[PDB]
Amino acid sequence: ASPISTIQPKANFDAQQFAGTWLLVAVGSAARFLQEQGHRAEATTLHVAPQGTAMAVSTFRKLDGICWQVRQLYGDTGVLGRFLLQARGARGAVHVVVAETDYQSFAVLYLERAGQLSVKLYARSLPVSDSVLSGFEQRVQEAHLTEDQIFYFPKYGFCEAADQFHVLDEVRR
């Protein structure tokens, strides 16, 4: 089954207003990696730029103390608010949906691969309102995930940029 297909995308999703910088606040997921290495999370930043009906997305975060930039392309699936991170070899495709968001303070995104749903909360800046945090946890519960499957990411140590030697391009096939 596809849990993400039951998720309603942000009505009349406007990529123009969604563009810019987003700070990753938390992830709700049953992923084994997070359960075992979640307490090792790095401050993560997302930078979005509309590319037609698709969205170019760069993710910034440190690896071994060094700032990296990952370049991806959220492809247009034909449905407003729904995007596709195409599969690459044995790497399965990742479906994405921008659900709740006011474009100006927070965004709730869902990601799905192999039928497993993951939920992410982003914020334009910190601190995040109690209302948004509680709202996000409510969505995590509705996604059949427990409180022990919620991981809050660092609030400091973010990367503003990366040099040419630390840019991972996952756009060019």
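We number the residues from 1 along the sequence you see.
- For the two regions 32-40 and 109-117, the entry's Cα B-factors average higher over 32-40.
- Note on 6-14 vs 20-28: mean CA B-factor is higher in 6-14.
- Per the PDB entry, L63 shows the highest C-alpha temperature factor of the residues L63, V70, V140, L133.
- Sorting the modelled residues of the chain by their CA temperature factor places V79 in the middle third.
- In this PDB entry, the Cα temperature factor of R124 sits in the bottom third of its chain's modelled residues, the lowest group.
- When the CA B factors of the chain's modelled residues are split into thirds, the value for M55 lands in the middle one.
- Residue-level temperature factors show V96 in the lowest third of its chain, judged at the C-alpha atom.
- Among all modelled residues in this chain, the alpha-carbon of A90 has a temperature factor (C-alpha) in the highest third.
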